[PDB]
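The chain below stands alone, shown as structure tokens; this is the form deposited without the partner chain.
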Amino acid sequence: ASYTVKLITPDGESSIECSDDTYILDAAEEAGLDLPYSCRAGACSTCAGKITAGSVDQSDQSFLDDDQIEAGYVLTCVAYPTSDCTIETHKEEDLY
């Protein structure tokens, strides 16, 4: 049951469909979104995306702790958008 996943970017606004048992990144790169990712597995902050218009599940990540997720930075390389959401890519520098 894929849901409308809004991927905000400085080069425009796209909308990819991601499943609950899939990663927002894979669904993005698969379409050609070309998001800021490196490990694309779940062990960084470059894939993190400021979220504040939906919900996701990142119980596989190994970078964030509690303050990061609180802000909204969700690793797209390991996020499970159970429902519609609006991940704001290009939001990792906040940490570094």
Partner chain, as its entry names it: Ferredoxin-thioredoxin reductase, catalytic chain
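Positions refer to the first chain, counted from 1.
If you look for the form solved in complex with the partner chain, you will not find it shown, but the lines that follow are about it.
Checked against the partner chain in the entry with it bound, the candidates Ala41, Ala71, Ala31, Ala53 yield a single residue with a heavy atom inside 4.5 Å, and that residue is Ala41. The shortest heavy atom separation between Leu64 and the partner chain in the entry with it bound is within 4.5 Å. Using a 4.5 angstroms limit between non-hydrogen atoms, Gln58 is distant from the partner chain in the entry with it bound. If you take 69-96 and check each residue for a heavy atom within 4.5 Å of the partner chain in the entry with it bound, you get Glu92, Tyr96, in sequence order.
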